[PDB]
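K.L.:
Protein chains in written order, with the authors' numbering: chain A, 76 to 192, 198 to 267, 276 to 683; chain A', 76 to 192, 198 to 267, 276 to 683; chain A'', 76 to 192, 198 to 267, 276 to 683. A prime marks a further copy of an entry chain.
Just so you know, even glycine gets a beta-carbon here, dropped at the ideal spot from N, CA and C.
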Ligand SMILES: Cc1cc2nc3c(=O)[nH]c(=O)nc-3n(C[C@H](O)[C@H](O)[C@H](O)COP(=O)(O)OP(=O)(O)OC[C@H]3O[C@@H](n4cnc5c(N)ncnc54)[C@H](O)[C@@H]3O)c2cc1C
Ligand SMILES: Cc1cc2nc3c(=O)[nH]c(=O)nc-3n(C[C@H](O)[C@H](O)[C@H](O)COP(=O)(O)OP(=O)(O)OC[C@H]3O[C@@H](n4cnc5c(N)ncnc54)[C@H](O)[C@@H]3O)c2cc1C
Ligand SMILES: Cc1cc2nc3c(=O)[nH]c(=O)nc-3n(C[C@H](O)[C@H](O)[C@H](O)COP(=O)(O)OP(=O)(O)OC[C@H]3O[C@@H](n4cnc5c(N)ncnc54)[C@H](O)[C@@H]3O)c2cc1C
Ligand SMILES: Cc1ncc(C[n+]2csc(CCOP(=O)(O)OP(=O)(O)O)c2C)c(N)n1
Ligand SMILES: Cc1ncc(C[n+]2csc(CCOP(=O)(O)OP(=O)(O)O)c2C)c(N)n1
Ligand SMILES: Cc1ncc(C[n+]2csc(CCOP(=O)(O)OP(=O)(O)O)c2C)c(N)n1
Ligand SMILES: [K+]
Ligand SMILES: [K+]
Ligand SMILES: [K+]
Ligand SMILES: [Mg+2]
Ligand SMILES: [Mg+2]
Ligand SMILES: [Mg+2]
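(1) Determine the contact status of residue 657 of chain A and residue 357 of chain A, defining contact as a CB-CB distance below 8 Å.
(2) Which term fits residue 78 of chain A, buried or exposed, when burial requires 16 or more other beta carbons within 10 angstroms of its beta carbon?
(3) Flag residue 544 of chain A'' as yes when its Cβ comes closer than 7 Å to any non-hydrogen atom of ligand 12, and as no otherwise.
(4) Does the CB of residue 208 of chain A have a neighbour CB from chain A' at under 8 Å?
(5) Beta-carbon separation of residue 369 of chain A' and residue 409 of chain A' under 8 Å?
(6) What I want to know is whether the C-beta of residue 134 of chain A ends up closer than 7 Å to one or more non-hydrogen atoms of ligand 4.
(7) With residue 301 of chain A' as the anchor, note down where its beta strand (DSSP E) starts and where it stops.
(8) CB-CB under 7 Å to residue 218 of chain A', same chain, minus the five flanking residues each way: which ones, in chain order?
(9) Any residues in the stretch 551 to 563 of chain A' with a beta carbon nearer than 9 Å to a beta carbon of chain A''? Which ones, in chain order?
(10) Return helix, strand or coil for residue 530 of chain A', following the three-state DSSP convention.
(11) Entirely within the stretch 565 to 597 of chain A'' and at least 3 residues each: give me those beta strand (DSSP E) ranges in chain order.
(12) When you get a sec, list the residues whose CB is within less than 7 Å of any heavy atom of ligand 9, chain order please.
(13) Could you list which residues in chain A'' have their beta carbon closer than 7 Å to that of residue 593 of chain A', in chain order?
(14) Just to confirm, is the Cβ distance from residue 332 of chain A'' to residue 507 of chain A'' under 8 Å?
(15) Are residue 253 of chain A' and residue 89 of chain A' closer than 8 Å when you measure CB to CB?
(16) Excluding five sequence neighbours on each side, which residues of the same chain lie with their C-beta closer than 8 Å to the C-beta of residue 86 of chain A'?
(17) When the cut-off is 8 Å and only beta carbons count, does residue 378 of chain A'' lie next to chain A?
(18) For the beta strand (DSSP E) containing residue 503 of chain A'', list its first residue and its last residue.
(19) Between the C-alpha atoms of residue 567 of chain A'' and residue 532 of chain A'', what's the straight-line distance to the nearest angstrom?
(20) Heavy atom of ligand 10 less than 7 Å from the Cβ of residue 524 of chain A, yes or no?
(21) Answer yes or no: do residue 447 of chain A' and residue 320 of chain A' have a C-beta to C-beta separation smaller than 8 Å?
(22) Would you please verify whether the beta carbon of residue 390 of chain A' is less than 8 Å from any beta carbon of chain A?
(23) Let me check one thing: in DSSP terms, what residues is residue 129 of chain A' bridge-paired to?
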């Protein structure tokens, strides 16, 4: 019987051949990587493999971000395959990115032989960037480490893992017989949680001003958005989402409060500050969401002390519970599965007249107002976003949006109308510039029949623009739109606000994006005035090839609403036409009329 | 002028000679250490030094705990001097102990020469046990590292530091001229804190049911207990303290609520649970104090949501603020100095009739009740503590108490009457058995004219009893009282409670303590019955030599009150005579009449 | 078939019950531990377990050292079971000890619940002290971690491992079905190594002055000493061993060169310095063995450059190959197994006249000479060792010797006649004082029918003398002999040599060992003069109970031969009667006649 527990079907294969086989057993159809010395045995095994698609970037950071985009768009883990030394260190930022945003990234880096330990302590470096890392020391434990890597990466709160593959290990041939449970990937509710759910249902049934605060967690299950709506409809609760949760709830729905937070809807911020019961569904209360944490959720905290409300937190990661604010009730585990047990204990309520009246008043009082175009003025960036949003919806394909980091990121978050889950792929936790373009490529590979749009800033785009050639070589018809304000808008907004318009080294020079696109063998479109906006965007979206659209937008335009650091979530700056006018004069006189 | 900034007075001295000189400049009068190879150059320099007293233990752990006792009794940092390898690793527990209890410990460990790095990564190991560690790489930077070590150890929240001294560095001779600021030890309130104080004073002036929660922090300043009383008298506020804060407030005072927490006064626990304003003075809200954290301070949290009270936290370490419970107002910095700015903004209140009425009712309802002796029964451990407390007070010397860890520790904390600061020296954070005896020696060295009493358990005593000979060789007339219940009472209390009286390996065999004392050249006293209690304790306290008193006390006696894990702070077990009787039968029938 | 790969026989059991079951499956018959809060669920499971013997120390360091002694005496891994906090930190020194000496130690420490992470980063601290540590996060992965712990601890170069067991994990009940390969412990030669062996055999067959340098590695296989002798007899090669390899080769054999190194035989040191081929069998070339590394093995290095000899290194740990000296040929893997492939390729040589002539001349010229007793003088420590060695051999039981650290350790190593493997249990790598007594207890438990003798120093004994009561409670009739020279001889030897007889704090006061033994309920014997030596030792060895023998030995006696630090291995200090006389006068005049 001790022969039925051990498998011998891998005897004779090399490390790389076993790697290839384990990828197949984990249903891996895509690999993003860059060749090198230490990782050659693994590359020589995936050589002309018809079993999965390989995507070659120009830079390993590109590979990492592509795999992130793939992972967020498909729900599968994104596999990266880099070499030793610089190949491995170039994936640190994508790994740190994946960690902050809960992205299932599995990174295999080549390594110098075990007899030598382009050398770097990649395990030591990436320890603060990964859920878990390891070095495979011999070929026999390779399938075991691969299995562990994928599972750790995809369970609990998803995140990056690094598996170090020494050249001699992947080059060696397996001769032993390995345990059969290591050749195969895998493959109840505690009474503490079950009673916590019902105790939480009782608190919701007492609430007269409830609100749902939903995030990325509800997207890690395909039934998530379905049950989120079912709960919102049964108990009649308004729904707000984080930046990472955009698309979890149909924003066209009347109960939608849009995005909350630092640059979220002022109606959403006001609602959560006055709510007596907050239902957190897969969100970790980031400081860019809560604002001043002490002053956050006053009515919810007050209701908790009086046993008539509080904060109901549905988390899968214990480290995220009671970290920022005290959870009145903490329902641990997958939010979607727990919602199946939570909803049927919730009282079906039909009308909340007084509460929804305050909300609709707030929604009317707090739109995403901004200064509209004037005759002869540049295209306002907010208008560009709305234009792209409205035209993209009129296609019978699903639309996936990736962004860079800066003002364009927030405007995209604000003025797009989000309706489908996993359609907002953006670097929110770490906030990595140059994320947009490669993330779009990876998304396009995951979803070939989708329209993938990269709403990017010029500065962000300049960081990784070399990956345009990667998009062509991969056959990914991504649609890149660069909001060219010829500035690092986000930083200059801070300098215009807290540093008396002293723009210190925040204006990089941009290349000719049209000649750049031409050199990358990519379609180029440049919109310069208002009259070309509509016809320009249409040509942009109608393209069947990769296309780079450059739009000249207004400079020195603040993103509003804005909750300043230290201020309460409902203590926000609103857009005012007179104020913006006055800021434009103050900027002109201080800078000498140069900005 | 570049010659006035550099000192040359250390040129010609060895590392050890410089070490000796820097000790003098830091006003170090005592060093606890054990010799070894790597540390010989430092020992050969302190050879027959008349400038400070050296204390030699039998074990390095002994040295560490002695230095802790010295540090807690005197307020000076405790200097340890061990060798490399096992000498260094044996100080890990005292270092971890010092960290949890905020004890200024400066540990110098010898090390193999720089040309070799009994070898151990003592810096790597002790990183999680120290505020800061370092390895001196050359003799010229030795005075600089020594200065840094002492300052880091004694500022902010005090704690242990380790300085690694390679043998070649301490053996080498300084030839360079070192910066004169490194040969000398060293040597405003932010507007954010100043306004936070006044905002905190406004909250206190609104309170009708206030309470002071004082801890070890108020003892790190000689004006602490003075200002603690001044605040308690002006605003008329009851005072409770932690285990580590015992002696900060005169317990004979009517406003004293005694100790709070897991085994604290049930009146103190009830008071804090109903208080609308909690003033935390140098306490970090340990889980053994708060009980169930969610259910902690309900009336204080409720008052905060209504802007009529809350928690006023005076912390010096930012890492301890908003870690456990949300501070309504956080006054950072030294609590004593901040009290000088806080008190004069507090309204002088004379009478709190309704509040103090509830308190005095609670104090009367919740004494430290326990089963008294019966004819022919063993001495109850609570009686032994009271007897020692009452007799020691009748001496014209100050009394310092150290303890081990277990039931005797809590009984000592409960039934002693605490009146003076730095008179309760006990391992509270880490809870190290065998702490008592060596800590007492170190305290006796710091305070030669003091009566130092070690209330120890038999199990705890058995851990480090070899240090008795160290006490004699040091000339420390410590008074050790062993509560011999022939069991690990604390663990057996848990087994009697949560494991159906299944006493699994919790009864170690004790040696003849009288023959043990005789072998250590120490006076031995053994009390066996009630009639010998009074005359026994008197002989114990009247001794002018080191003395070991063994008292046979009742076995299987629970420590009450007790707040069980998970339960609220006011949800405690009280002592009941009928319940204890019934537990004694249930124990006899289950164990078969063996316990 | 997916049901045949998963086991359900652990469903319903608690963590502790599963722990108990896994211990049985790993053939664990002994556990050394100390109770505590966090580890109670594991203790409540081993409660009255008839399946293995529990040994309770007085201190956790005791437990660690006992488990080391058990592990070295039996060849089984030594299992330690401590609690959280101070219980865990007290095992750091035994763990560091086990690492340096290659001792299979498996340490299970209790831990605060997963919902809380007496708290300490025991995993972080012990990372530099263990081959591998881990924290079990849920009960389902507990058997998997236990299996991994034992295997890592016992394969390659054996060493310590720490498994952190959170209280809630060991208290929780398994409900899932775990992979069947995790419920069961487990359960070819590379062409690179195989050809390296034959290349090594060719080098030996060319040698005219070969030598075998054998160490602890040859003891990690029961066929080791057998094949070591077979190789030494076939090719006719003299054999020297390290301190840790004593007993691997019968010292009564003519080919025995005794121990080499800092305090080894001057004949052994001379032989290795002139040998043209050095066969290293399971030794790591410690600096206390090689002396000055550059000047080490001149004739071997010269022979290597001329292709007629060199160093043949049989290592199992790659990290130990080419670390100290360059291996001419490196045969990786278990030395015993590789010897089975190496020996039959070695030419059977019968006589080495010229080589063995030089050796026998060296052996005659370099005995362990020392100053013999004179009328009325104290017993010389060397004589005491020989006396114990000669009398113990006349028993029909096997003799196991443990020691402390210091002069007594080296004298024991020198003057005992070693004949059987695993009979020298001593702290060599880390050199931990207080190792002797608890290591002897653990050895006595492993080998109940053996005479276990602890040759201990007074200072070393004073460190852990409380464990005497542990020996009685365990029923371990250990035989402890304290060489009472009333000094830390080893350190004072260094001070007498390099510091002009300045004995800085190297004389601790000893207790009455006879009254100490009496208090511990242990038989006491005290030898004071030469005439009581023979009859004293006989009573000591004839005892059937635990016995503490105190022998008053000569003070300020150097251990010779001695290779000073920095000097070559054959540049040693020899014993000279005139020199010792002169040193005794120089000591008397400098110290003032006090030493
Ligand atoms: C310039 C800039 C401005 C920004 N401003 C805003 C803003 O105004 N508003 C805003 O919302 N964000 C803003 N952010 C982004 C913000 O920093 C965070 O990235 C984002 O708010 C986090 O969203 P999230 O908590 O929903 O997702 P995550 O950060 O990924 O957290 C999801 C949580 O759900 C848990 N979880 C995961 N899976 C499950 C599961 N299956 N079941 C249950 N729980 C699960 C996870 O453990 C995690 O704690 C900004 C970022 C940048 C760069
Ligand atoms: C078996 C056992 C049972 C126990 N049960 C109890 C119990 O029932 N009740 C109880 O109280 N304890 C109990 N403890 C002890 C408990 O675990 C802690 O050790 C203790 O409660 C902490 O007291 P503390 O916060 O006042 O001191 P500390 O732990 O030393 O914390 C002092 C705080 O004040 C801050 N501080 C330091 N210096 C200054 C300064 N100059 N100015 C301002 N702030 C400063 C520090 O940063 C720190 O945060 C028990 C321990 C054991 C072993
Ligand atoms: C005061 C003092 C003085 C000392 N003086 C001396 C002295 O004079 N002479 C002396 O010899 N020692 C002396 N030492 C001890 C010395 O420091 C080392 O402890 C000892 O020399 C190491 O012996 P070892 O290499 O044989 O064993 P180890 O240190 O345990 O090394 C064994 C080596 O064999 C390898 N190995 C293990 N298992 C196997 C296997 N199955 N197959 C193949 N390889 C394996 C291991 O990886 C390891 O590298 C002294 C110690 C002290 C405290
Ligand atoms: C790698 C990196 N560098 C710097 C930053 C800081 N940063 C955040 S937004 C921003 C400006 C981005 O400018 P742009 O891409 O053009 O976006 P815009 O604000 O103009 O729309 C910068 C520099 C960052 N988030 N990441
Ligand atoms: C080094 C160490 N080991 C174990 C523990 C767990 N522990 C806490 S109290 C206690 C029993 C102490 O018995 P004793 O010293 O006799 O005190 P008693 O309860 O009998 O008064 C133990 C084992 C600890 N705190 N420290
Ligand atoms: C824990 C520890 N502290 C210090 C040392 C340094 N040291 C090595 S040998 C020795 C003296 C031991 O004296 P003793 O036990 O009496 O042995 P002796 O030399 O007298 O035979 C010391 C202090 C050590 N090895 N371990
Ligand atoms: K929107
Ligand atoms: K009291
Ligand atoms: K010998
Ligand atoms: Mg820009
Ligand atoms: Mg006891
Ligand atoms: Mg000695």
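P.N.:
Walking through what the data contain:
(1) Yes, they are a contact pair.
(2) Residue 78 of chain A comes out exposed.
(3) Every heavy atom of ligand 12 is 7 Å or more from the Cβ of residue 544 of chain A'', so no.
(4) No - not a single Cβ of chain A' is within 8 Å of the one on residue 208 of chain A.
(5) No Cβ-Cβ contact shorter than 8 Å links residue 369 of chain A' with residue 409 of chain A'.
(6) Residue side-chain check: residue 134 of chain A keeps its Cβ at 7 Å or more from all non-hydrogen atoms of ligand 4.
(7) Looking at the DSSP string, the run of the beta strand (DSSP E) that includes residue 301 of chain A' is 298 to 302.
(8) Listed in chain order, the non-local C-beta contacts of residue 218 of chain A' below 7 Å within the same chain comprise 249, local neighbours out to five positions each way being set aside.
(9) Those would be 551, 552, 553, 554, 556, 557, 558, 560, 561, in chain order.
(10) If DSSP states are grouped into helix, strand and coil, residue 530 of chain A' belongs with the helices.
(11) Correct list: 567 to 572.
(12) That query returns the following residues: A''/339, A''/346, A''/347, A''/502, A''/503, A''/504, A''/505, A''/506.
(13) Going along chain A'' in sequence order, the residues near residue 593 of chain A' (Cβ under 7 Å) are 110, 118, 129, 131.
(14) Note that the C-beta distance between residue 332 of chain A'' and residue 507 of chain A'' is not below 8 Å.
(15) Closer than 8 Å, so yes.
(16) Once the five neighbours on either side are set aside, the close Cβ partners of residue 86 of chain A' are 254, 255, 256, 257.
(17) Not a single CB atom of chain A sits nearer than 8 Å to the CB of residue 378 of chain A''.
(18) DSSP places residue 503 of chain A'' in no beta strand (DSSP E) but in the uninterrupted alpha helix (DSSP H) bounded by 495 to 503.
(19) For residue 567 of chain A'' and residue 532 of chain A'', the gap between their C-alpha atoms comes out near 10 Å.
(20) Residue 524 of chain A: no, Cβ never under 7 Å from ligand 10.
(21) No, Cβ-Cβ distance for residue 447 of chain A' and residue 320 of chain A' is not below 8 Å.
(22) Yes, residue 390 of chain A' lies at the interface with chain A (some Cβ there is under 8 Å from its Cβ).
(23) Residue 129 of chain A' is bridged to A'/106.
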